Amino acid sequence: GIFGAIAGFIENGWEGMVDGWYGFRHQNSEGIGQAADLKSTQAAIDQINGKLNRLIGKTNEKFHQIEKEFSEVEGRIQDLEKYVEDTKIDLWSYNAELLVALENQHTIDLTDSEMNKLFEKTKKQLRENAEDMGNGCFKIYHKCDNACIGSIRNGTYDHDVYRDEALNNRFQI
Amino acid sequence: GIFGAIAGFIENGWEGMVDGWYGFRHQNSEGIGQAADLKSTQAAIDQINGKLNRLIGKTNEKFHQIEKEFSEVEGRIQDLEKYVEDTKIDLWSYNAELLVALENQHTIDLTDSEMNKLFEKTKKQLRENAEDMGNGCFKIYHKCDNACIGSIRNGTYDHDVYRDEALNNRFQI
Amino acid sequence: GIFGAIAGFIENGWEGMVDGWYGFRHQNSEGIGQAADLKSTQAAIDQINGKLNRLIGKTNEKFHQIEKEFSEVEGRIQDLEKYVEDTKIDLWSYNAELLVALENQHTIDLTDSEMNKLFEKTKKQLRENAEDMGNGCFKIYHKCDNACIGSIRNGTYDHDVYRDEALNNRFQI
Amino acid sequence: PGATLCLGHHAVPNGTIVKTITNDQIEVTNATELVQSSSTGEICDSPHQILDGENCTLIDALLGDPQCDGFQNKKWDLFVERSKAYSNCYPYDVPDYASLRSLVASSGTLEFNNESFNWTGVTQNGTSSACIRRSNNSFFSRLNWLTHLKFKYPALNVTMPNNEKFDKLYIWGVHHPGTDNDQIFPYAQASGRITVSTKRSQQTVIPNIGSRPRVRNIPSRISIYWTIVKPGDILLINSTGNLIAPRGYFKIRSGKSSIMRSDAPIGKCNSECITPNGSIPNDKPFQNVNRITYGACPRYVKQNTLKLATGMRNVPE
Amino acid sequence: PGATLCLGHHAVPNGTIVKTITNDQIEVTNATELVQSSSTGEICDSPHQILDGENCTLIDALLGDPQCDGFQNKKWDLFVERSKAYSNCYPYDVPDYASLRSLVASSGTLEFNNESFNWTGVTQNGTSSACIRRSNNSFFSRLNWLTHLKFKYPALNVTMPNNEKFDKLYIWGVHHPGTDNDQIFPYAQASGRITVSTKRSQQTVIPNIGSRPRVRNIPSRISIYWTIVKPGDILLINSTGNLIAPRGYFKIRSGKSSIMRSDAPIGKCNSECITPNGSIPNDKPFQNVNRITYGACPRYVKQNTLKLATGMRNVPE
Amino acid sequence: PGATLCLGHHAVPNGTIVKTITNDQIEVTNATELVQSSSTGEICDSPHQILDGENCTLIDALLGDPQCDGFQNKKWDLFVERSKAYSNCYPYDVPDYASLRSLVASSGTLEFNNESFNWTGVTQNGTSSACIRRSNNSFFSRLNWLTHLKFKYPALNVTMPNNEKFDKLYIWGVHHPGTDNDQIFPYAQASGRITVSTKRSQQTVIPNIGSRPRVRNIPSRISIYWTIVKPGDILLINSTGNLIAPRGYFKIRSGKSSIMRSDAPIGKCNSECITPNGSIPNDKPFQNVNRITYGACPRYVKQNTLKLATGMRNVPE
Ligand SMILES: *[C@@H]1O[C@H](CO)[C@@H](O[C@@H]2O[C@H](CO)[C@@H](O[C@@H]3O[C@H](CO[C@H]4O[C@H](CO)[C@@H](O)[C@H](O)[C@@H]4O)[C@@H](O)[C@H](O[C@H]4O[C@H](CO)[C@@H](O)[C@H](O)[C@@H]4O)[C@@H]3O)[C@H](O)[C@H]2NC(C)=O)[C@H](O)[C@H]1NC(C)=O
Ligand SMILES: *[C@@H]1O[C@H](CO)[C@@H](O[C@@H]2O[C@H](CO)[C@@H](O[C@@H]3O[C@H](CO[C@H]4O[C@H](CO)[C@@H](O)[C@H](O)[C@@H]4O)[C@@H](O)[C@H](O[C@H]4O[C@H](CO)[C@@H](O)[C@H](O)[C@@H]4O)[C@@H]3O)[C@H](O)[C@H]2NC(C)=O)[C@H](O)[C@H]1NC(C)=O
Ligand SMILES: *[C@@H]1O[C@H](CO)[C@@H](O[C@@H]2O[C@H](CO)[C@@H](O[C@@H]3O[C@H](CO[C@H]4O[C@H](CO)[C@@H](O)[C@H](O)[C@@H]4O)[C@@H](O)[C@H](O[C@H]4O[C@H](CO)[C@@H](O)[C@H](O)[C@@H]4O)[C@@H]3O)[C@H](O)[C@H]2NC(C)=O)[C@H](O)[C@H]1NC(C)=O
Ligand SMILES: CC(=O)N[C@H]1[C@H]([C@H](O)[C@H](O)CO)O[C@@](OC[C@H]2O[C@@H](O)[C@H](O)[C@@H](O)[C@H]2O)(C(=O)O)C[C@@H]1O
Ligand SMILES: CC(=O)N[C@H]1[C@H]([C@H](O)[C@H](O)CO)O[C@@](OC[C@H]2O[C@@H](O)[C@H](O)[C@@H](O)[C@H]2O)(C(=O)O)C[C@@H]1O
Ligand SMILES: CC(=O)N[C@H]1[C@H]([C@H](O)[C@H](O)CO)O[C@@](OC[C@H]2O[C@@H](O)[C@H](O)[C@@H](O)[C@H]2O)(C(=O)O)C[C@@H]1O
Ligand SMILES: *[C@@H]1O[C@H](CO)[C@@H](O[C@@H]2O[C@H](CO)[C@@H](O)[C@H](O)[C@H]2NC(C)=O)[C@H](O)[C@H]1NC(C)=O
Ligand SMILES: *[C@@H]1O[C@H](CO)[C@@H](O[C@@H]2O[C@H](CO)[C@@H](O)[C@H](O)[C@H]2NC(C)=O)[C@H](O)[C@H]1NC(C)=O
Ligand SMILES: *[C@@H]1O[C@H](CO)[C@@H](O[C@@H]2O[C@H](CO)[C@@H](O)[C@H](O)[C@H]2NC(C)=O)[C@H](O)[C@H]1NC(C)=O
Ligand SMILES: *[C@@H]1O[C@H](CO)[C@@H](O)[C@H](O)[C@H]1NC(C)=O
Ligand SMILES: *[C@@H]1O[C@H](CO)[C@@H](O)[C@H](O)[C@H]1NC(C)=O
Ligand SMILES: *[C@@H]1O[C@H](CO)[C@@H](O)[C@H](O)[C@H]1NC(C)=O
Ligand SMILES: *[C@@H]1O[C@H](CO)[C@@H](O)[C@H](O)[C@H]1NC(C)=O
Ligand SMILES: *[C@@H]1O[C@H](CO)[C@@H](O)[C@H](O)[C@H]1NC(C)=O
Ligand SMILES: *[C@@H]1O[C@H](CO)[C@@H](O)[C@H](O)[C@H]1NC(C)=O
Ligand SMILES: *[C@@H]1O[C@H](CO)[C@@H](O)[C@H](O)[C@H]1NC(C)=O
Ligand SMILES: *[C@@H]1O[C@H](CO)[C@@H](O)[C@H](O)[C@H]1NC(C)=O
Ligand SMILES: *[C@@H]1O[C@H](CO)[C@@H](O)[C@H](O)[C@H]1NC(C)=O
Ligand SMILES: *[C@@H]1O[C@H](CO)[C@@H](O)[C@H](O)[C@H]1NC(C)=O
Ligand SMILES: *[C@@H]1O[C@H](CO)[C@@H](O)[C@H](O)[C@H]1NC(C)=O
Ligand SMILES: *[C@@H]1O[C@H](CO)[C@@H](O)[C@H](O)[C@H]1NC(C)=O
Ligand SMILES: *[C@@H]1O[C@H](CO)[C@@H](O)[C@H](O)[C@H]1NC(C)=O
Ligand SMILES: *[C@@H]1O[C@H](CO)[C@@H](O)[C@H](O)[C@H]1NC(C)=O
Ligand SMILES: *[C@@H]1O[C@H](CO)[C@@H](O)[C@H](O)[C@H]1NC(C)=O
């Protein structure tokens with residue numbers, strides 16, 4: 001939420017992207033295509049796995065403790081045993097609730113971040129050859145076949161090759 | 001603070017905006033105007049209400065506990081009663097302090113975020129018809145009367161209608 | 001990490017910048033230079049000092065407590081003394097671990113933020129006179145000597161002075 | 001000419017200072033207090049059932065001190081003990097007073113059922129000038145001071161089965177005489193012994209003759225003991241003298257009842273959270289009124305103020 | 001014509017609802033449960049050494065009730081006491097039962113070493129019909145009921161040094177007779193006294209004659225006491241009657257052992273975390289099965305579910 | 001030609017590894033340690049008032065063992081008990097030793113006021129060879145061993161009012177003889193009884209005759225008891241023999257005092273935080289030196305290191 005991409009300027013997710021978490025759709029002369037971006041996908045996944053590594057399979061060993069159920073009325077010592085346990089449980093219950101709320105807010109934010117970073121990187125790559133339409137799509141002002149699109153997705157697109165064509169199309173009357 | 005809009009590239013707030021938290025001021029041929037943006041305003045408010053919903057009116061019932069004041073000297077059991085209570089209070093006092101510090105940092109950041117998101121959305125809407133001056137203001141390079149400004153604020157501005165006029169004004173010598 | 005500048009679009013840090021945390025390198029007609037930006041540097045440092053002020057030299061006084069080591073076997077009261085202490089220590093150990101993990105994530109993020117904010121401010125300052133190359137560098141499309149670079153670093157650069165030269169260089173065929 | 005369009009945000013002339021992770025003082029447009037720090041000074045009589053002890057401690061109302069006769073069979077959510085309370089009967093002590101006070105407090109009832117113990121061979125209903133009820137010499141209403149019949153006190157061996165669904169609480173005592181004369185007049189023999197038993201427990205107590213500082217002119221003492229008898233168990237009382245017998249049993253309940261020491265007045269009002277300083281509102285998550293609370297209460301903390309930001313950073317014109 | 005290039009992210013048809021700091025219900029693409037809320041209902045016999053008490057409490061197995069003879073010298077990580085357990089020997093009580101149960105539980109062993117006490121002057125090995133072992137009258141296996149030899153019971157003054165590396169635990173007792181006849185038949189004299197001492201401690205106990213409700217037809221009682229003797233210290237037992245003597249000592253160890261009340265069956269399986277409801281998996285950090293646990297266990301919390309987001313916000317087409 | 005302008009950030013050749021929410025090892029430019037893990041090994045004598053017990057336990061200094069005469073009327077913030085301490089007077093025990101040690105420790109004073117008890121009818125100042133003071137037989141300095149005067153020990157019935165602002169602490173005892181001879185020589189009669197009482201309390205203790213293992217050649221014992229007397233209350237001592245009487249009272253204060261077991265040397269230096277391992281600096285919020293602390297101390301945690309990032313991520317060239 002905090003970066004404004006996911007559930008923001010990107011209108012919705014893609015149910016048909018099943019091989020990654022982030023990616024590219026395009027329309028060009030050769031049709032309409034989709035490809036996942038593995039590096040952004042792995043960046044988000046590695047962070048979430050980092051949280052899981054800190055939460056799953058990490059338990060503490062305890063052995064002999066105090067009694068926690070009683071069949072007789074006893075007064076002062078029993079009151080104290082019960083209060084100690086109730087105190088402990090409330091403090092752990094608080095910790096658990098807060099942990100999950102904070103971590104979830106952060107997961108939502110870091111996943112939005114990864115989307116934004118991919119968008120920004122792509123924008124910079126295109127230089128003066130494209131304009132941002134505001135909905136996560138770029139209008140590319142030159143002929144850009146499947147190999148050209150591939151070049152953008154692989155970080156190898158050379159903007160200088162198309163700059164003259166693009167400027168002429170963009171800044172027309 | 002973390003996005004850089006509030007107390008950053010926006011020099012200061014507007015004391016005269018009393019009907020929303022975020023908004024637009026403009027200067028055009030017909031004068032200088034101000035209007036609140038209700039959607040960004042409500043986005044920030046809903047998040048803060050979310051925190052309040054998790055903090056206000058949520059108390060726990062406790063009934064019979066341990067004694068916490070004593071008129072006689074007793075030694076070992078009394079030492080333990082007092083220590084249990086002191087331990088509990090320090091742990092809750094810590095929780096409270098940290099909660100407020102974290103939540104406040106986050107409120108400041110999410111409100112800055114909403115400002116940034118509104119700025120970004122407006123920038124994208126204007127396409128090649130305006131330039132960012134660096135202080136949260138756009139220079140719009142075409143005649144833009146009250147209805148045109150209204151169109152930008154309502155998300156209905158059609159940049160193509162003005163693009164020829166704007167490019168000619170922008171890219172002049 | 002969350003803004004994408006440090007360990008992101010900025011390829012690496014500068015070991016030769018020893019007088020600030022953030023800064024500028026340039027290449028122009030008069031050579032290649034480096035200068036620290038004191039305001040971004042101080043912004044990051046002040047935030048980190050804020051955390052330290054909340055952690056260093058803030059200890060609580062405790063005096064008479066309960067016993068925590070025992071030479072004899074005693075049963076019920078001793079079990080309770082030990083359990084109270086073990087409970088307390090686990091809760092503080094948890095607090096400490098979480099505090100450091102959260103604060104460190106936040107320090108990494110706020111330092112990335114300050115880098116991003118400086119980049120954005122510089123970009124806006126240059127207006128139509130430069131293009132972002134995607135690696136934290138701007139290509140400036142006019143002659144920009146040492147005084148001109150100084151003007152950008154000091155926030156006094158007047159983009160209008162160079163706009164005609166720059167547009168002509170940028171939008172050439 | 002064109003146009004200028006500026007994005008911005010509100011500000012206020014009167015901001016408030018809050019704490020954050022990176023700054024101990026930053027001004028925001030609005031904030032709300034999370035620590036409740038005041039009370040009206042009254043304990044609201046609703047919605048919890050309050051029993052004002054007035055001049056009586058819970059233990060005095062239990063034993064049946066004459067001034068506490070109005071408490072018979074009463075129930076409470078919260079029993080309120082006042083610092084002006086005082087005992088006005090035969091002087092007594094309760095080994096582990098605090099435990100008996102606690103277990104009765106949490107049970108939340110003084111419901112008492114009389115039982116007919118077979119006390120043949122002794123004189124029942126012993127009384128004292130240190131325990132005046134309606135101008136006459138008297139005693140604790142729930143206790144039966146047994147003495148000699150015609151200068152003999154035979155061995156007592158008396159049984160009472162528990163055929164109920166609930167635990168029975170028996171309160172009983174031993175008379176410790178101040179002198180030889182205080183032993184002879186009531187029991188007319190050398191020394192008593194008391195053994196109170198069940199299938200699962202036994203308590204034996206020996207009177208100890210000796211002068212104690214006089215309290216309301218009495219140098220003797222009563223020591224008070226208790227025995228819980230489970231369903232299907234049986235109470236057995238075996239005495240040769242000095243027994244302060246029970247007249248029956250108290251019902252022992254479980255639930256949410258407690259006891260609190262306070263001198264705050266009880267008011268006609270409705271509040272869920274009670275402290276010894278008075279009831280407090282419970283909208284806030286934390287409070288610094290008192291560590292002692294009863295009901296749906298904010299959690300006690302040491303801070304007297306914690307302000308939660310409810311608005312953006314305030315950056316005045 | 002040019003091209004269009006759109007950046008985006010995945011979504012799923014079946015998202016899950018989680019809580020955040022700002023929203024109590026937001027849909028994400030995937031989540032995982034952090035609270036363990038189920039058990040199989042069995043206590044796994046591995047990898048902890050489980051000792052199923054069956055009909056025996058730990059204290060009965062310690063004293064040596066006849067049905068518990070199979071427990072001699074056994075060790076455990078976790079002793080499991082069942083609600084069907086019952087005593088079938090001479091009726092007894094243990095002042096501070098809970099402490100003795102605890103200290104033996106945590107020691108984790110019933111290892112017992114016989115010692116030869118010099119009991120000259122009395123008859124050893126007293127028995128009772130309330131404690132049948134193999135059709136014969138018998139007694140607690142670890143205890144030695146001393147009685148008169150030819151209608152005399154002389155003063156006993158017996159010593160036992162601790163020359164070991166470890167603390168010795170001595171269990172002993174006093175016989176409280178139901179009547180005068182129950183005192184005369186065994187000891188044939190008015191009254192006993194027991195003093196058990198060391199360099200650092202002393203315990204004296206007086207028998208109290210008196211009828212208690214009969215348990216397995218017996219109105220007498222045994223009261224059980226214990227004494228720990230450190231290396232280089234010496235045990236001294238001084239009695240004139242009514243002594244239930246030790247036959248030796250228990251080894252007292254320290255380590256990770258405990259005791260749990262449960263009626264769950266023991267299964268052949270391997271689980272690190274035991275609750276009274278059964279073993280539970282310990283992959284999750286939290287659990288709401290039981291506050292009582294043993295082993296490498298999730299931490300008990302009040303919530304029955306806490307879902308951690310493992311994916312982005314779900315924004316379906 | 002134009003120009004190039006690059007934005008960037010510093011890096012260092014020697015970064016440090018920290019933990020975050022998403023990564024257990026990430027390199028930053030600088031970090032600081034939050035867990036104090038070392039001590040000098042000395043307890044600093046400033047700014048807390050330290051009382052080194054040397055050969056004396058607090059209880060020995062209280063009773064007035066001869067080697068502890070230098071402690072009379074001393075005050076402390078922290079009393080330090082050494083593992084080499086030993087008793088060298090008449091052998092004794094204190095039922096609930098730990099409570100008396102605690103209440104004296106927290107009071108923080110050995111201030112003692114002599115009182116003149118009316119002991120007419122007995123011989124005062126009894127002594128023993130097990131308690132040598134300056135080559136002579138002696139006794140605990142704060143205790144008065146009463147014996148017969150001309151082979152009679154009449155009943156004692158002695159009173160002492162508390163007319164002070166503070167609570168008085170009375171320490172007293174009972175002599176348990178090893179044999180019949182140890183009863184006859186001092187009191188020259190069958191048996192003693194002690195009742196110590198106030199308006200609000202009573203304690204009765206009976207001597208128990210019997211051999212205990214000899215300690216410094218003595219098979220008798222003294223058992224030590226205590227009584228707090230409130231302002232306006234009165235102490236009453238009623239004895240027929242075997243009384244180890246008080247010579248007066250200790251002042252009981254409240255404040256910040258305590259006691260610690262340590263063998264660390266005391267040094268001339270200034271540190272606010274004391275552990276049994278030595279004083280530790282208190283700049284850091286946490287420590288893993290010892291769970292036992294006194295003063296303004298970091299909070300004990302289980303981790304031995306926790307590094308807080310004080311710089312950005314380190315991304316070397
Ligand atoms: C600064 O920030 C705070 C928090 O965001 C704002 O305070 C809130 O303001 C709102 C709107 O005025 C308050 O809403 C009202 O709550 C009343 C109940 O108040 C009591 O109970 C709550 C516990 O639930 C306590 O927190 C509080 O202190 C009171 O003791 C309702 O009775 C009100 O209802 C009214 O309107 C509705 C119709 O919508 C009707 O049904 C009612 O009949 C009535 O007319 C209302 O809901 C809210 O209580 C405040 N919250 C807190 C925590 O204080 C400040 O307004 C804000 N300041 C500025 C300048 O913006
Ligand atoms: C929604 O989100 C969750 C968490 O990110 C995903 O669940 C994880 O899925 C992975 C991959 O399927 C699981 O990995 C497997 O773990 C097995 C062990 O499982 C038990 O033990 C763990 C504790 O460590 C428990 O959490 C768990 O509940 C089980 O009781 C391994 O046996 C598996 O190994 C397999 O592959 C490797 C080769 O790589 C081989 O060595 C093995 O032989 C075997 O074939 C594997 O590692 C992981 O356990 C899940 N985590 C949790 C917490 O549940 C969901 O997949 C995800 N959903 C979607 C649709 O993406
Ligand atoms: C890596 O990160 C850490 C934390 O940001 C930096 O460490 C800090 O460095 C500063 C500057 O050198 C230190 O400031 C000095 O503190 C001294 C007191 O030190 C003791 O007491 C503190 C508790 O308050 C302990 O934390 C510390 O361990 C010491 O035991 C002062 O005496 C110093 O004052 C000097 O300058 C002033 C003038 O400004 C004069 O008044 C003095 O006379 C004196 O000359 C100074 O204030 C600070 O203590 C350090 N903090 C911590 C937590 O260690 C590292 O510098 C940084 N590394 C790099 C390479 O940047
Ligand atoms: C049941 C009974 O014997 N009641 C007596 C009572 C007891 O014998 C006595 O309290 C046992 O210790 O004694 C009463 O009188 C003695 C009492 O007389 C007062 O005048 C005086 O103030 C006292 O010091 C004391 O001598 C009593 O009231 O306690 C009479 C009662 O009937
Ligand atoms: C060591 C010894 O004296 N064993 C006796 C035992 C004791 O004398 C007695 O338990 C002490 O209180 O008494 C036994 O018999 C008495 C017993 O007889 C039963 O038939 C009856 O059920 C009981 O009420 C009681 O009268 C005993 O078994 O306890 C005999 C034993 O040898
Ligand atoms: C006040 C008094 O009677 N002091 C005696 C003391 C006591 O009578 C005795 O300790 C009471 O138990 O006895 C002293 O002597 C007996 C003592 O003699 C030693 O030689 C020997 O080592 C001991 O075993 C024992 O027989 C004593 O010093 O304790 C004399 C003292 O004056
Ligand atoms: C033991 O001493 C106390 C105190 O001297 C005696 O109690 C006083 O007795 C007189 C009458 O004899 C009363 O007027 C006082 O009120 C009593 N004082 C206190 C403090 O109780 C007591 O009588 C003496 N006992 C014996 C048996 O002689
Ligand atoms: C004291 O009273 C009890 C109860 O009446 C007596 O115990 C009963 O004795 C009979 C035989 O006399 C047994 O059949 C019952 O089982 C016993 N009941 C209980 C509850 O134990 C006891 O014998 C009496 N004691 C004396 C010494 O007379
Ligand atoms: C009871 O037994 C003990 C141990 O045998 C006796 O104490 C010993 O007495 C001798 C002298 O008779 C001393 O030299 C030893 O030091 C004592 N040993 C211990 C362990 O104290 C004790 O005297 C006997 N008691 C009686 C009354 O006969
Ligand atoms: C881009 O990378 C993929 C490998 O995943 C390859 O199949 C494709 O041909 C590449 N195209 C270009 C233009 O680099
Ligand atoms: C924009 O929306 C407002 C409604 O708040 C309306 O009054 C205004 O006329 C609209 N203008 C345009 C140009 O859409
Ligand atoms: C920029 O500021 C620095 C002061 O740090 C100064 O030395 C330099 O000359 C300034 N240059 C311009 C062009 O403002
Ligand atoms: C500022 O003033 C207004 C109007 O008096 C008041 O309602 C509001 O609560 C005040 N805000 C702060 C932050 O003090
Ligand atoms: C309580 O005792 C006081 C003081 O003797 C008396 O004035 C008042 O009337 C008593 N109140 C009740 C309710 O018995
Ligand atoms: C109990 O009563 C019985 C029967 O009268 C008697 O024989 C016995 O001595 C009494 N015991 C005590 C301790 O009073
Ligand atoms: C409440 O009562 C306690 C009595 O100990 C007092 O110390 C405390 O300051 C009181 N608090 C308030 C808010 O009145
Ligand atoms: C959605 O469905 C898939 C396939 O049935 C399943 O594996 C997955 O766990 C489900 N996800 C959620 C969030 O329920
Ligand atoms: C346990 O006691 C019950 C009930 O008398 C009996 O049926 C069962 O055989 C006993 N089990 C063992 C193991 O002794
Ligand atoms: C201990 O035994 C000795 C020696 O037989 C004897 O003199 C003394 O009375 C006994 N004491 C007790 C309490 O049994
Ligand atoms: C486990 O056993 C306890 C017995 O008190 C029961 O209350 C609880 O609900 C059980 N939990 C489960 C998950 O079976
Ligand atoms: C790196 O080296 C410098 C100079 O030796 C030293 O002062 C600094 O503390 C070191 N930093 C780290 C992170 O180890
Ligand atoms: C403490 O006792 C030891 C061992 O007997 C002795 O050497 C030392 O002098 C004593 N110290 C003091 C201060 O009495
Ligand atoms: C207390 O002293 C009085 C008066 O001398 C005497 O009558 C009584 O027996 C004594 N009591 C005890 C227990 O010593
Ligand atoms: C401090 O003393 C304790 C004694 O239990 C020891 O276990 C601990 O490791 C010591 N710590 C240090 C840092 O010396």
Side-chain angles (χ1 to χ4, degrees), chain A residues 67-71 85, chain C residues 15 17-21 41 44-59 103-104 107 111, chain D residues 51-57 60-61 65-71 80-88 132-133 266, chain E residues 35-43 83 260-264 273-281 286-293 298 300-305, chain F residues 10-16 18 28-36 38 40 270-273 280-286 296 298 306-312 314:
Chain A
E67 298 300 328
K68 296 175 190 189
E69 296 198 0
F70 305 85
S71 63
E85 192 58 12
Chain C
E15 292 174 46
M17 197 156 61
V18 299
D19 59 336
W21 284 19
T41 294
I45 288 168
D46 292 343
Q47 292 179 72
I48 290 159
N49 283 337
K51 300 180 190 229
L52 292 168
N53 284 340
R54 243 180 344 102
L55 303 182
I56 301 303
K58 295 263 95 81
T59 62
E103 293 287 2
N104 292 347
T107 294
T111 54
Chain D
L51 183 43
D52 188 343
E54 304 191 66
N55 285 335
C56 293
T57 58
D60 285 343
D65 181 309
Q67 56 175 1
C68 310
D69 286 348
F71 293 99
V80 177
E81 281 186 328
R82 307 303 199 169
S83 70
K84 78 192 196 204
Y86 61 101
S87 302
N88 209 31
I132 302 311
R133 183 183 271 93
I266 310 297
Chain E
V35 179
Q36 186 64 40
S37 65
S38 57
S39 174
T40 52
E42 294 186 308
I43 292 169
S83 70
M260 184 181 288
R261 303 187 183 89
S262 177
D263 293 325
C273 181
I274 301 174
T275 81
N277 311 70
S279 293
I280 60 169
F286 308 115
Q287 59 91 8
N288 93 313
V289 178
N290 208 303
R291 59 186 58 207
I292 299 165
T293 68
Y300 185 79
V301 297
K302 291 193 317 280
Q303 298 96 326
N304 69 173
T305 178
Chain F
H10 75 157
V12 303
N14 60 325
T16 348
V18 300
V28 295
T29 59
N30 190 26
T32 196
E33 180 54 65
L34 299 188
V35 179
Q36 186 64 40
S38 57
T40 52
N270 191 311
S271 173
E272 295 283 342
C273 181
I280 60 169
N282 69 351
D283 51 294
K284 304 178 176 68
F286 308 115
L306 289 169
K307 293 281 200 59
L308 182 80
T310 55
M312 71 184 68
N314 196 43

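Below, chains carry the letters A, B, ... as their sequence lines are ordered, and counting in each starts from 1. Indexing begins at 1, ligand by ligand and atom by atom, following the structure's order.
Checked by distance only, ligand 3 and C/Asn49 stay at 3.5 Å or farther apart across all their nitrogen or oxygen atoms. At a 3.5 angstrom cut-off on N or O pairs, E/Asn288 does not count as close to ligand 20.
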Apply side-chain hydrogen bond (donor to acceptor under 3.5 Å, both in side chains) to E/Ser83 and E/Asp263, showing your working. CA-CA 7 Å; E/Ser83 70; E/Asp263 293 325; 2.7 Å; yes
Just do the side-chain hydrogen bond (donor to acceptor under 3.5 Å, both in side chains) check on C/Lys51 and C/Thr107 with the steps written out, would you? CA-CA 9 Å; C/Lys51 300 180 190 229; C/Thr107 294; 3.1 Å; yes
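Of the protein's non-hydrogen atoms, the one nearest atom 61 (O) of ligand 3 is F/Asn30 ND2, 3.8 Å. The closest protein non-hydrogen atom to atom 4 (C) of ligand 3 is C/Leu52 CD1, 3.8 Å. The shortest contact between atom 54 (O) of ligand 3 and any protein heavy atom is with F/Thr32 OG1, 4.1 Å.
If you look at E/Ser37 next to ligand 20, the close heavy atoms, those under 4.0 Å, all belong to the backbone.
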One pair per line, please: each N/O atom of ligand 14 matched with every protein N/O atom under 3.5 Å away, atom names first, then the distance to 0.1 Å.
{"residue": "ligand 14", "atom": "2 (O)", "partner": "D/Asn55", "partner atom": "OD1", "Å": "3.2"}
{"residue": "ligand 14", "atom": "2 (O)", "partner": "D/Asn55", "partner atom": "ND2", "Å": "2.3"}
{"residue": "ligand 14", "atom": "2 (O)", "partner": "D/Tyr86", "partner atom": "OH", "Å": "3.4"}
{"residue": "ligand 14", "atom": "11 (N)", "partner": "D/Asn55", "partner atom": "ND2", "Å": "2.9"}
{"residue": "ligand 14", "atom": "14 (O)", "partner": "D/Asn55", "partner atom": "ND2", "Å": "3.3"}

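Under the 3.5 Å distance criterion, the side-chain polar atoms of C/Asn104 are matched with a main-chain donor or acceptor of F/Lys307.
Checked against D/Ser87 for a side-chain hydrogen bond (donor to acceptor under 3.5 Å, both in side chains), the options D/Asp65, D/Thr57, D/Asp60, D/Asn55 give a single hit: D/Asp60.
Contact atoms of ligand 3 toward F/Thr310: 1 (C), 2 (O) (distance under 4.0 Å to a heavy atom of the residue).
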